[PDB]
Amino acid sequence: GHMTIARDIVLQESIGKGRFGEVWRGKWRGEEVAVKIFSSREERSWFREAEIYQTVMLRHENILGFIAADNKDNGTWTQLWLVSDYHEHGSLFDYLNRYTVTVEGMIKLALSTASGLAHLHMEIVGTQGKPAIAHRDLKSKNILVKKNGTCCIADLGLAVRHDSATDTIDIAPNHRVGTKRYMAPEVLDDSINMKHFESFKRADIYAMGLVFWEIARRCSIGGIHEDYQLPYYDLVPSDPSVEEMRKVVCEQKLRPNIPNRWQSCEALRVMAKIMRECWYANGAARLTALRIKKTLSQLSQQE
């Protein structure tokens, strides 16, 4: 018909892997689409992600464009599919490893990321209402870069949805679910109050600050920039454990280093201030995604 379905999609190239889903580039009626494939035993993970993407009023230019959840029986086994818009640049992690950005480029990446997060976090009240949503796994590998240089947040499988009226979360959340390197202090030491939904929003803010630090490093001014690094590259091993992260972040109370050259540029100074204000140990002290978006909107306007 006219709706995009799995039977009309031909896979072309392996392009990645999530926690469970295997990612492919595919072709649907001439057009490129991204496909995330789960096996029958990973039905809960596939279903949960499909459930979050189908939330009423979720679509936003800074959230990955969802196309469909479908099944495909090849005649031996059934594959569980998630289909989305395809972005040639891939993740913000890949983009930042390949390129440096201008001051304008940096602001576009940070603002679009802050806008997508503010949209997820915001309850939209109305007949076609949207619950507040916390991501729980924000990181540069979970954000995609569009051709126009703006970001879109993806991999919503670990998200939590909140109903403000009855004050309830739609799932019984497990502790320490995301990427250990990006885990907020209160997640690392398990002090997070998981009966308060605002704690999950606050934990996403800390991770966004880490992502902002990744972008800023790549901001080239007069051909001067830092090389690409993951947050805490200088303090923890590759594939760090919760204990290794906890000793640095909670006990030693270290955060990614803010270079001296970031104080020489107004946009870099604004970014450095946002980062520090995302990195307080206590979530209640952190900036909101809405406030960060407002700050970066004024800065993109000022140029």
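Numbering starts at 1 and follows the sequence shown.
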{"query": "Of 66-74 and 251-259, the stretch whose C-alpha atoms average the higher B-factor in the entry", "finding": "251-259"}
{"query": "Between 192-200 and 139-147 (mean CA B-factor, as deposited), the higher", "finding": "192-200"}
{"query": "Candidate set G90, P185, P231, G105 [ranked by C-alpha B-factor, highest]", "finding": "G105"}
{"query": "Top residue by Cα temperature factor, when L235, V33, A50, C265 are compared in the entry", "finding": "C265"}
{"query": "Third of the chain's Cα B-factor distribution that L296 belongs to, per the entry", "finding": "highest"}
{"query": "Modelled-residue ranking by C-alpha temperature factor, third containing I274", "finding": "middle"}
{"query": "Chain third (lowest, middle, highest) by recorded CA B-factor, residue given as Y99", "finding": "highest"}
{"query": "Within-chain third of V23 by Cα B-factor, per the entry", "finding": "lowest"}
{"query": "Among modelled residues of the same chain, the CA temperature factor third for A284", "finding": "highest"}
